[PDB]
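What follows is one structure encoded as structure tokens, with my remarks underneath.
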Amino acid sequence: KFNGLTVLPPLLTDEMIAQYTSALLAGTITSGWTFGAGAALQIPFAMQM
Amino acid sequence: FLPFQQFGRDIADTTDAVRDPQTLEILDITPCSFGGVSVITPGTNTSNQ
């Protein structure tokens with residue numbers, strides 16, 4: 001930004017993109033394939049495999 | 001700065017520093033701040049804020 005090329009910051013910061021990832025991981029560990037196609041349905045991961 | 005060095009440049013080959021030709025002082029050159037004007041307004045039929 002000192003030489004005249006302005007870098008605009010992204011709308012999603014690093015903590016929230018990482019929160020999107022942790023949300024998608026927590027959903028795969030718990031809800032599995034359900035929350036992508038609908039409401040999150042709790043299933044144990046031992047039965048998920 | 002070394003004794004024979006008048007000014008100096010950064011990685012962009014733009015001058016980031018200059019030494020006083022009269023007295024002895026070393027100052028960094030930072031261009032003046034600028035940027036774009038972003039307008040936050042709702043629709044014309046909502047309000048004028």
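As shown in the structure tokens, the chain order sets the letters A, B, ...; within each chain, residues go from 1, and ligands are also counted from 1 in the order they appear.
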Go through chain B and flag each residue having an atom no more than 9 Å from chain A; for those, report the closest pair of atoms plus their distance in Å to one decimal, using only C-alpha atoms, ordered by chain and rising number, as CSV.
```
residue,atom,partner,partner_atom,distance
B:12,CA,A:3,CA,7.6
B:14,CA,A:3,CA,7.4
B:30,CA,A:2,CA,6.6
B:31,CA,A:2,CA,6.3
B:32,CA,A:2,CA,8.4
B:33,CA,A:2,CA,8.3
B:34,CA,A:4,CA,8.5
B:35,CA,A:6,CA,7.4
```
Write the residues of the selection above to a file with N, CA and C atoms, as a PDB file, in the first residue's frame.
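Writing done, so here's part.pdb:
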```pdb
ATOM      1  N   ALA B  12      10.760  -1.983  -4.579  1.00  0.00           N
ATOM      2  CA  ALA B  12      10.045  -1.553  -5.774  1.00  0.00           C
ATOM      3  C   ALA B  12      10.799  -0.547  -6.633  1.00  0.00           C
ATOM      4  N   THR B  14      11.471   2.386  -5.838  1.00  0.00           N
ATOM      5  CA  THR B  14      10.879   3.658  -5.476  1.00  0.00           C
ATOM      6  C   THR B  14      11.622   4.147  -4.246  1.00  0.00           C
ATOM      7  N   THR B  30       7.653   7.923   3.198  1.00  0.00           N
ATOM      8  CA  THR B  30       6.388   7.212   3.095  1.00  0.00           C
ATOM      9  C   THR B  30       5.409   8.096   2.339  1.00  0.00           C
ATOM     10  N   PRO B  31       4.918   7.680   1.168  1.00  0.00           N
ATOM     11  CA  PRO B  31       3.943   8.499   0.433  1.00  0.00           C
ATOM     12  C   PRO B  31       2.677   8.745   1.244  1.00  0.00           C
ATOM     13  N   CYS B  32       2.016   9.860   0.938  1.00  0.00           N
ATOM     14  CA  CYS B  32       0.847  10.290   1.692  1.00  0.00           C
ATOM     15  C   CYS B  32      -0.325   9.332   1.495  1.00  0.00           C
ATOM     16  N   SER B  33      -1.148   9.217   2.538  1.00  0.00           N
ATOM     17  CA  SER B  33      -2.233   8.243   2.565  1.00  0.00           C
ATOM     18  C   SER B  33      -3.340   8.601   1.584  1.00  0.00           C
ATOM     19  N   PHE B  34      -3.921   7.574   0.972  1.00  0.00           N
ATOM     20  CA  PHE B  34      -5.037   7.745   0.051  1.00  0.00           C
ATOM     21  C   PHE B  34      -5.837   6.449   0.011  1.00  0.00           C
ATOM     22  N   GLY B  35      -6.909   6.466  -0.763  1.00  0.00           N
ATOM     23  CA  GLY B  35      -7.773   5.312  -0.890  1.00  0.00           C
ATOM     24  C   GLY B  35      -9.091   5.697  -1.524  1.00  0.00           C
TER      25      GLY B  35
END
```
* Can you pull out every residue within 9 Å of region 24-32 of chain A, counting only C-alpha atoms, but drop anything in the same chain fewer than 4 positions away, and send it as a PyMOL selection string? => chain A and resi 19-20+36+40-45+48
The selected residues should be written to file as a PDB file, in the first residue's frame (atoms: C-alpha atoms).
```
ATOM      1  CA  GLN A  19     -14.642 -21.263  12.043  1.00  0.00           C
ATOM      2  CA  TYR A  20     -16.359 -22.370   8.809  1.00  0.00           C
ATOM      3  CA  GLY A  36     -25.559 -31.022   3.824  1.00  0.00           C
ATOM      4  CA  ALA A  40     -28.448 -31.959  11.119  1.00  0.00           C
ATOM      5  CA  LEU A  41     -29.212 -35.505  12.268  1.00  0.00           C
ATOM      6  CA  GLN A  42     -27.060 -36.883  15.090  1.00  0.00           C
ATOM      7  CA  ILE A  43     -25.392 -40.233  14.293  1.00  0.00           C
ATOM      8  CA  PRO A  44     -22.460 -41.919  16.105  1.00  0.00           C
ATOM      9  CA  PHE A  45     -19.264 -41.947  14.053  1.00  0.00           C
ATOM     10  CA  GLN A  48     -21.123 -43.639  10.290  1.00  0.00           C
TER      11      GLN A  48
END
```
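Rounded to one decimal, CA of residue 17 (chain A) and CA of residue 42 (chain B) lie 27.3 Å from each other.
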* To do: Enumerate the residues of chain A with a DSSP assignment of helix (DSSP H, G or I), computed from the backbone, and present them as a ChimeraX atom specification.
  => /A:14-30,34-37,45-48
Residue subset to file, keeping N, CA and C atoms, as a PDB file, in the first residue's frame:
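File written: result.pdb
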```pdb
ATOM      1  N   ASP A  14      -9.457 -14.511   8.921  1.00  0.00           N
ATOM      2  CA  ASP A  14      -8.879 -15.836   9.101  1.00  0.00           C
ATOM      3  C   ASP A  14      -9.562 -16.620  10.210  1.00  0.00           C
ATOM      4  N   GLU A  15     -10.090 -15.927  11.221  1.00  0.00           N
ATOM      5  CA  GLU A  15     -10.738 -16.651  12.302  1.00  0.00           C
ATOM      6  C   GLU A  15     -12.092 -17.177  11.873  1.00  0.00           C
ATOM      7  N   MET A  16     -12.817 -16.432  11.045  1.00  0.00           N
ATOM      8  CA  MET A  16     -14.109 -16.951  10.625  1.00  0.00           C
ATOM      9  C   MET A  16     -13.988 -17.997   9.525  1.00  0.00           C
ATOM     10  N   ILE A  17     -13.021 -17.884   8.588  1.00  0.00           N
ATOM     11  CA  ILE A  17     -12.901 -18.991   7.628  1.00  0.00           C
ATOM     12  C   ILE A  17     -12.520 -20.253   8.383  1.00  0.00           C
ATOM     13  N   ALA A  18     -11.632 -20.129   9.389  1.00  0.00           N
ATOM     14  CA  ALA A  18     -11.302 -21.286  10.216  1.00  0.00           C
ATOM     15  C   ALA A  18     -12.510 -21.750  11.025  1.00  0.00           C
ATOM     16  N   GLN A  19     -13.440 -20.843  11.337  1.00  0.00           N
ATOM     17  CA  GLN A  19     -14.642 -21.263  12.043  1.00  0.00           C
ATOM     18  C   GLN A  19     -15.582 -22.005  11.097  1.00  0.00           C
ATOM     19  N   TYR A  20     -15.630 -21.600   9.818  1.00  0.00           N
ATOM     20  CA  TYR A  20     -16.359 -22.370   8.809  1.00  0.00           C
ATOM     21  C   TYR A  20     -15.788 -23.769   8.668  1.00  0.00           C
ATOM     22  N   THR A  21     -14.457 -23.891   8.693  1.00  0.00           N
ATOM     23  CA  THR A  21     -13.861 -25.222   8.603  1.00  0.00           C
ATOM     24  C   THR A  21     -14.171 -26.045   9.839  1.00  0.00           C
ATOM     25  N   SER A  22     -14.040 -25.456  11.039  1.00  0.00           N
ATOM     26  CA  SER A  22     -14.335 -26.204  12.262  1.00  0.00           C
ATOM     27  C   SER A  22     -15.810 -26.576  12.343  1.00  0.00           C
ATOM     28  N   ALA A  23     -16.682 -25.770  11.735  1.00  0.00           N
ATOM     29  CA  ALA A  23     -18.100 -26.098  11.697  1.00  0.00           C
ATOM     30  C   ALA A  23     -18.338 -27.278  10.770  1.00  0.00           C
ATOM     31  N   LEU A  24     -17.660 -27.282   9.618  1.00  0.00           N
ATOM     32  CA  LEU A  24     -17.816 -28.392   8.688  1.00  0.00           C
ATOM     33  C   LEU A  24     -17.167 -29.658   9.230  1.00  0.00           C
ATOM     34  N   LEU A  25     -16.097 -29.536  10.033  1.00  0.00           N
ATOM     35  CA  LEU A  25     -15.507 -30.747  10.598  1.00  0.00           C
ATOM     36  C   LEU A  25     -16.423 -31.299  11.662  1.00  0.00           C
ATOM     37  N   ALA A  26     -16.923 -30.428  12.554  1.00  0.00           N
ATOM     38  CA  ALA A  26     -17.799 -30.835  13.649  1.00  0.00           C
ATOM     39  C   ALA A  26     -19.079 -31.449  13.115  1.00  0.00           C
ATOM     40  N   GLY A  27     -19.527 -30.990  11.950  1.00  0.00           N
ATOM     41  CA  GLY A  27     -20.701 -31.576  11.362  1.00  0.00           C
ATOM     42  C   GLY A  27     -20.336 -32.935  10.803  1.00  0.00           C
ATOM     43  N   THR A  28     -19.180 -33.110  10.148  1.00  0.00           N
ATOM     44  CA  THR A  28     -18.866 -34.449   9.641  1.00  0.00           C
ATOM     45  C   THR A  28     -18.653 -35.455  10.776  1.00  0.00           C
ATOM     46  N   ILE A  29     -18.020 -35.030  11.883  1.00  0.00           N
ATOM     47  CA  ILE A  29     -17.846 -35.934  13.028  1.00  0.00           C
ATOM     48  C   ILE A  29     -19.188 -36.292  13.649  1.00  0.00           C
ATOM     49  N   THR A  30     -20.101 -35.326  13.752  1.00  0.00           N
ATOM     50  CA  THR A  30     -21.352 -35.638  14.427  1.00  0.00           C
ATOM     51  C   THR A  30     -22.484 -36.009  13.480  1.00  0.00           C
ATOM     52  N   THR A  34     -25.874 -35.791   6.806  1.00  0.00           N
ATOM     53  CA  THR A  34     -27.231 -35.276   6.933  1.00  0.00           C
ATOM     54  C   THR A  34     -27.337 -33.761   6.794  1.00  0.00           C
ATOM     55  N   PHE A  35     -26.400 -33.010   7.382  1.00  0.00           N
ATOM     56  CA  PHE A  35     -26.584 -31.563   7.436  1.00  0.00           C
ATOM     57  C   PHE A  35     -26.365 -30.895   6.090  1.00  0.00           C
ATOM     58  N   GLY A  36     -25.752 -31.597   5.139  1.00  0.00           N
ATOM     59  CA  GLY A  36     -25.559 -31.022   3.824  1.00  0.00           C
ATOM     60  C   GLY A  36     -26.863 -31.000   3.060  1.00  0.00           C
ATOM     61  N   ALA A  37     -27.638 -32.073   3.186  1.00  0.00           N
ATOM     62  CA  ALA A  37     -28.911 -32.224   2.508  1.00  0.00           C
ATOM     63  C   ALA A  37     -30.104 -31.806   3.355  1.00  0.00           C
ATOM     64  N   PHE A  45     -20.264 -41.788  15.105  1.00  0.00           N
ATOM     65  CA  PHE A  45     -19.264 -41.947  14.053  1.00  0.00           C
ATOM     66  C   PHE A  45     -18.892 -43.425  13.895  1.00  0.00           C
ATOM     67  N   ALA A  46     -19.077 -44.248  14.936  1.00  0.00           N
ATOM     68  CA  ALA A  46     -18.800 -45.674  14.790  1.00  0.00           C
ATOM     69  C   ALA A  46     -19.785 -46.317  13.820  1.00  0.00           C
ATOM     70  N   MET A  47     -21.022 -45.836  13.793  1.00  0.00           N
ATOM     71  CA  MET A  47     -22.011 -46.322  12.846  1.00  0.00           C
ATOM     72  C   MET A  47     -21.938 -45.579  11.523  1.00  0.00           C
ATOM     73  N   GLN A  48     -21.244 -44.439  11.503  1.00  0.00           N
ATOM     74  CA  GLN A  48     -21.123 -43.639  10.290  1.00  0.00           C
ATOM     75  C   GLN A  48     -20.190 -44.304   9.285  1.00  0.00           C
TER      76      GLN A  48
END
```
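Straight-line separation from CA of residue 18 (chain B) to CA of residue 7 (chain A): 26.1 Å.
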